[PDB]
Amino acid sequence: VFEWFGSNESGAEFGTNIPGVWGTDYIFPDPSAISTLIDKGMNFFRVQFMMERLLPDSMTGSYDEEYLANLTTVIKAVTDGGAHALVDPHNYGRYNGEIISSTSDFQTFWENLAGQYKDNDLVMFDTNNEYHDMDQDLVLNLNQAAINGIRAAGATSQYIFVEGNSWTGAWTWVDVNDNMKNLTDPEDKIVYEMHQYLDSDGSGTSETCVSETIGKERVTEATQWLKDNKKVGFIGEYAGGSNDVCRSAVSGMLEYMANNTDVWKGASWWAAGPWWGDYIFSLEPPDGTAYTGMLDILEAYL
Ligand SMILES: CC(=O)N[C@@H]1[C@@H](O)[C@H](O)[C@@H](CO)O[C@H]1O
Ligand SMILES: CC(=O)N[C@@H]1[C@@H](O)[C@H](O)[C@@H](CO)O[C@H]1O
Ligand SMILES: [Ca+2]
């Protein structure tokens with residue numbers, strides 16, 4: 001149906017504390033729980049990490065090789081299972097709490113990182129999670145700095161998932177992120193990643209969806225934008241509560257997208273990972289609320 005259809009794998013970006021310590025501020029996803037979702041048919045995992053944990057000094061400096069080693073382990077569990085792994089610096093366009101205004105530093109950051117992965121054909125690169133509250137020209141230039149660095153590293157087979165401003169939301173895309181059409185890639189493998197949630201404010205913090213059709217309504221304009229500008233997209237985060245109204249909303253949203261696979265390459269549920277507990281949107285097996293409450297809807301596309 002879609003090129004890629006899967007789930008986020010969260011944990012390594014958890015907590016506020018930098019460094020933080022493994023096991024008390026953050027954890028990495030669990031390869032067994034991933035393997036279990038791969039067995040359900042998923043072929044795409046968006047793997048979260050925090051830049052400040054990978055890069056303890058500056059973003060152009062050297063790595064925490066143990067954090068990096070652990071990230072690469074999770075990526076390899078995915079790619080060895082035959083699935084695509086999207087590497088997501090879950091950073092909101094910010095490094096150490098300040099907006100990334102150095103386009104050159106960000107380019108070097110990505111040149112170094114895609115260097116780690118350049119020979120893995122199953123890796124994809126997400127420039128940054130949910131740019132927001134920042135200059136719209138800077139957003140564009142940071143995404144192009146990422147594409148430039150990634151290609152400079154020799155990573156040429158990999159898709160690059162670019163994000164816009166307004167938390168890369170689908171429902172606001174056409175009002176803020178029109179300049180993002182200007183991005184260019186020598187490999188022609190850019191994919192526009194938007195997020196969309198279904199609660200009253202689109203924050204993805206309530207179990208309750210506005211209506212049975214809210215999901216479709218929130219991705220309509222983005223879909224026309226992609227068509228008009230001859231681009232391809234992906235819903236890198238979505239979710240809904242385990243209840244009849246949201247099930248109807250999620251379903252309708254995915255059905256609409258499935259009718260527009262000319263522009264929609266697929267989606268990834270927010271989220272799986274080992275530290276969600278009783279999270280309203282947990283897709284972690286054996287007992288996450290979405291794992292048992294929503295996964296039957298998703299299996300339509302697997
Ligand atoms: C399963 C494993 O290796 N656990 C270690 C833990 O014993 C130690 O507290 C710390 C330092 O390396 O982090 C974990 O990785
Ligand atoms: C289960 C496991 O291997 N745990 C290790 C942990 O020892 C270490 O604290 C951390 C550094 O982020 O790397 C993890 O992979
Ligand atoms: Ca630091």
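Along the sequence shown, residues are numbered consecutively beginning with 1. Computation of the quantities below employed the complete heavy-atom set of this structure, encompassing side-chain atoms and omitting hydrogens, waters and symmetry-equivalent molecules.
- A distance-only check finds a donor-acceptor pair linking the side chain of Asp185 to the backbone of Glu187 [under 3.5 Å].
- Here side chain to side chain donor-acceptor pair (under 3.5 Å) pairs that include residues 47-56, with residues two or more places apart or in two chains, are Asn8-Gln48, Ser10-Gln48, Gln48-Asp88.
- A side-chain N or O of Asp228 and one of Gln224 form a donor-acceptor pair less than 3.5 Å apart.
- Put simply, the side chain of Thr220 gets close to the backbone of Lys216: a donor and an acceptor are under 3.5 Å apart.
- Listed for the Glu130 side chain is no donor-acceptor partner under 3.5 Å among the backbone atoms of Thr168.
- A donor-acceptor contact under 3.5 angstrom links the side chains of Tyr197 and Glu237, judged on distance only.
- Between the side chain of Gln158 and the backbone N or O of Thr156, at least one donor-acceptor pair lies under 3.5 Å.
- For the residue pair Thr103 / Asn141, no side-chain donor-acceptor distance below 3.5 Å is found, with atom types taken as modelled.
- Heavy-atom contacts from other residues, nucleotides or ligands closer than 6.0 Å to CD of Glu221 number 12 or fewer.
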Exercise for the section: Go through the steps for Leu140 and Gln136 under the test side chain to side chain contact (heavy atoms under 4.5 Å, CB included), then give the verdict. Expected result: CA-CA 7 Å; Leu140 178 70; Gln136 186 61 38; 6.0 Å; no

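- Between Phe125 and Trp110, the ring-plane angle classifies as perpendicular under the 30° and 60° cut-offs.
- Here the straight-line distance linking atom OH of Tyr192 with atom CH2 of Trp264 works out to 12.5 Å at 0.5 Å rounding.
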Exercise for the section: Please lay out, stage by stage, how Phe45 and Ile38 fare under the test side chain to side chain contact (heavy atoms under 4.5 Å, CB included). Expected result: CA-CA 9 Å; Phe45 302 77; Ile38 286 166; 3.6 Å; yes

Practice task
Mind running side chain to side chain contact (heavy atoms under 4.5 Å, CB included) on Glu111 and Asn148 for me, showing each step along the way?
Solution key: CA-CA 8 Å; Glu111 194 184 321; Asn148 290 346; over 6 Å; no

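- Aromatic ring centres of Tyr131 and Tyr92: separated by at least 6.0 Å.
- Classified by interplanar angle (parallel below 30°, tilted 30° to 60°, perpendicular above 60°), the ring pair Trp4/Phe161 is tilted.
- Using a distance-only test at 3.5 Å, with no hydrogens or angles considered, a donor-acceptor pair links the side chain of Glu13 to the main chain of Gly11.
- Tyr159 OH to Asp188 CG: the interatomic distance, rounded to the nearest 0.5 Å, is 9.0 Å.
- Side-chain contact, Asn177 with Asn165: no donor N or O sits under 3.5 Å from an acceptor N or O.
- Applying ring-ring contact (aromatic ring centres under 6.0 Å, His included) to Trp276 and the options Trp269, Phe14, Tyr291 leaves one that passes, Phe14.
- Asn43 contributes a side-chain N or O that, together with a main-chain N or O of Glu3, makes up a donor-acceptor pair within less than 3.5 Å.
- The cationic atom of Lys265 (NZ for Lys, CZ for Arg) does not lie both less than 6.0 Å from the six-membered ring centre of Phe234 and within 45° of the ring axis.
- A side-chain donor from one of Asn143 and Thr127 sits under 3.5 Å from a side-chain acceptor of the other.
- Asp30 contributes no side-chain N or O that, together with a main-chain N or O of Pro274, makes up a donor-acceptor pair within less than 3.5 Å.
- Side chain of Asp64 to main chain of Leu54: no donor-acceptor pair is present (N/O by atom type, distance under 3.5 Å, no hydrogens or angles).
- Taken to the nearest 0.5 Å, the CG atom of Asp25 stands 9.0 Å off from the CE atom of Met50.
- With rounding to the nearest 0.5 angstrom, the OH atom of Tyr95 is 13.5 Å from the OG atom of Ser101.
- Within a 6.0 Å radius of CG in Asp244, other residues, nucleotides and ligands contribute 12 heavy atoms or fewer.
- Checking side-chain atoms of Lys231 against main-chain N and O of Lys181 turns up a donor-acceptor pair under 3.5 Å.
- In this structure, CG in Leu226 is found 9.5 Å from CG in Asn260, a value given to the nearest 0.5 Å.
- To the nearest 0.5 Å, the span separating CE on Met124 from CD1 on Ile75 amounts to 11.5 Å.
- Side-chain N/O atoms of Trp173 and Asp178 include no donor and acceptor closer than 3.5 Å.
- With hydrogens and angles disregarded, a donor-acceptor distance shorter than 3.5 Å links the side chain of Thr36 to the backbone of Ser32.
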